[PDB]
Amino acid sequence: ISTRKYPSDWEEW
Amino acid sequence: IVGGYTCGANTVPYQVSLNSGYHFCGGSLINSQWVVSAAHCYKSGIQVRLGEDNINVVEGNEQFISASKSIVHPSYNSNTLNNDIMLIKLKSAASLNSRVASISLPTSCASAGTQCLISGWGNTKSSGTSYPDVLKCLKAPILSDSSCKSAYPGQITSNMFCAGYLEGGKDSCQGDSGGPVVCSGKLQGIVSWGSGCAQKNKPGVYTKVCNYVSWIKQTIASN
Ligand SMILES: [Ca+2]
């Protein structure tokens, strides 16, 4: 929840 | 960028968009063939988009170049975010012009209170979502190491620094990762992480580029 990638970091796991 | 302003077209000529069928991260052009971004922005297939202002419209200053190599720091840790840096080699050299230009690497680390320019196409809201078409900018100071550690106890390594505003309201955000923090014409930081965006006592946390200059140069020379 901390990294600043779009849409989020967790979304890519 | 929350609480920033519209930069103006091509006023940040080293800013790039990393695209995987959509914008997902920023980056900084450091020579005609190489970009600096965050390690957590790695993907296997990246198209680098240089010269962008409106990322949703072909306006005529763009250059779209595929990445040939995307090189994450070998000591990057995805749990702690230490060593959050990546080098991207372009498949062909960009054509450098007034709208597509490199940014210098630092010769020394920056001090607390130095004002920097942070830019990107990330979210412009601190609650909910609103993504811009055009590039946004924020002027923000580097904080003292003690203030940074006090904001994020147990989490700040020697490869990170904080910049921004402890009162909240102005920060980088999702979609800004990998993009530049430029201070006195040098690339000092890479957008990395924070707790929420633009929240009180939770400034942005940035990779400390001055710790990597030798690594960058050697990686480029051997690739
Ligand atoms: Ca465009």
Side-chain angles (χ1 to χ4, degrees), chain A residues 3-9 12, chain B residues 1-38 40-70 86-104 116-125 128-140 170-182 185 187 189-192 197:
Chain A
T3 47
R4 287 171 178 190
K5 178 162 60 68
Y6 168 91
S8 61
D9 296 351
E12 300 175 63
Chain B
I1 307 288
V2 178
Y5 57 98
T6 297
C7 302
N10 313 114
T11 57
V12 188
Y14 53 83
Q15 171 84 233
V16 308
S17 169
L18 305 187
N19 184 290
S20 57
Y22 52 97
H23 169 88
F24 65 90
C25 276
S28 301
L29 191 64
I30 60 163
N31 67 40
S32 67
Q33 215 159 178
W34 287 85
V35 166
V36 171
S37 189
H40 74 266
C41 295
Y42 174 80
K43 298 189 181 189
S44 49
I46 295 173
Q47 184 185 63
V48 179
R49 301 188 170 199
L50 306 98
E52 285 283 20
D53 188 47
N54 191 321
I55 53 164
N56 291 308
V57 177
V58 177
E59 299 181 287
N61 294 115
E62 302 90 351
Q63 294 174 49
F64 296 176
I65 307 176
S66 294
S68 61
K69 303 180 181 190
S70 294
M86 178 174 63
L87 293 170
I88 299 166
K89 191 182 186 182
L90 301 179
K91 186 174 180 204
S92 60
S95 180
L96 300 182
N97 64 40
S98 59
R99 298 179 185 264
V100 178
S102 58
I103 188 70
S104 292
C116 306
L117 183 65
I118 310 178
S119 48
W121 293 272
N123 192 358
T124 65
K125 291 186 173 170
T129 67
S130 183
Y131 287 96
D133 294 318
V134 303
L135 189 61
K136 304 294 175 171
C137 274
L138 176 63
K139 291 176 183 169
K170 291 189 165 75
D171 197 3
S172 60
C173 201
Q174 281 65 39
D176 292 322
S177 276
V181 182
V182 167
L187 184 67
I190 305 166
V191 181
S192 182
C197 310

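Note that ligands are numbered from 1 as they come in the structure, with each ligand's atoms numbered from 1 the same way. The figures here come from the full heavy-atom set of this structure, side chains too, leaving out hydrogens, waters and symmetry mates. Numbers restart at 1 for each chain; the letters A, B, ... are given by sequence-line order, proteins then strands.
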Identify the two heavy atoms, one from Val57(B) and one from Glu62(B), that lie closest to each other, and give their separation to 0.1 Å. O-OE2, 3.2 Å

About how large, to 10 degrees, is the angle O of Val57(B), then the Ca ion (ligand 1), then OE1 of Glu52(B)? 160°

Side-chain donor or acceptor of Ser130(B) paired with backbone N/O of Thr124(B) under 3.5 Å: no

Quick one, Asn61(B) with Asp53(B), criterion side chain to side chain contact (heavy atoms under 4.5 Å, CB included). Give me CA distance, side-chain angles, the key distance, then yes/no. CA-CA 8 Å; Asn61(B) 294 115; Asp53(B) 188 47; over 6 Å; no

With carbon and hydrogen excluded and only N/O/S kept, which atom of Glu62(B) is nearest the Ca ion (ligand 1)? OE2

Counting backbone and side-chain atoms alike, does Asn61(B) have an N/O/S atom under 3.0 Å from the Ca ion (ligand 1)?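 So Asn61(B) does not bind the Ca ion (ligand 1) by this criterion.
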
Give a yes-or-no answer on whether the side chains of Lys136(B) and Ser119(B) include a donor-acceptor pair shorter than 3.5 Å.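 Per modelled atom types, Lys136(B) and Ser119(B) side chains form no pair under 3.5 Å.
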
